[PDB]
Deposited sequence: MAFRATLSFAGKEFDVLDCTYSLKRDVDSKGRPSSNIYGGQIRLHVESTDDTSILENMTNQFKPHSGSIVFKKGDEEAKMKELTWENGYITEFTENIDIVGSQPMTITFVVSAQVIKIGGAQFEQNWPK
């Protein structure tokens, strides 16, 4: 209903967010792999600010971030730790007019009681 990313000491209004995890399955349909993925894909409005891009281009240190989902009270909160921005796009279209879509790849993601942690 409302989603607020805390990132790089700033807040951004989230238009849309998705994260996904997967395990392989063999022929007999038995799970045949550990869990992989956990990339977070975020979509936020553009302003004069270039902090997200700077965070990808201008430095090399891992970061943390926080998305808080609300209704109308904090419903739940997706956080990541030790991540890097691995995909960035900014788009203007004079017809949501100006926006950024970027993906974080992080060693740890957490939300409510769940934790996913990569093999690094």
Give the ranges of the deposited sequence, numbered from 1, for which the structure holds no C-alpha coordinates, in sequence order. 1-2, 75-77, 101-102, 128-129
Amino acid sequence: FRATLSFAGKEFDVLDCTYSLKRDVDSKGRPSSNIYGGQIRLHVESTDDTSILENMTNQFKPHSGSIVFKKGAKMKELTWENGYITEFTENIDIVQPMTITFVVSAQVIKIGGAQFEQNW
From here on, numbers count along this sequence of modelled residues.
Going by the average Cα B-factor in the PDB entry, point out whether 49-57 or 27-35 comes out higher. 27-35
As the entry reports it, the stretch among 62-70 and 37-45 with higher mean C-alpha B factor is 62-70
Third assignment of residue 94 from its chain's C-alpha B-factors: highest
Rank-wise, by C-alpha B-factor, drop residue 78 into the lowest, middle or highest third of its chain. lowest
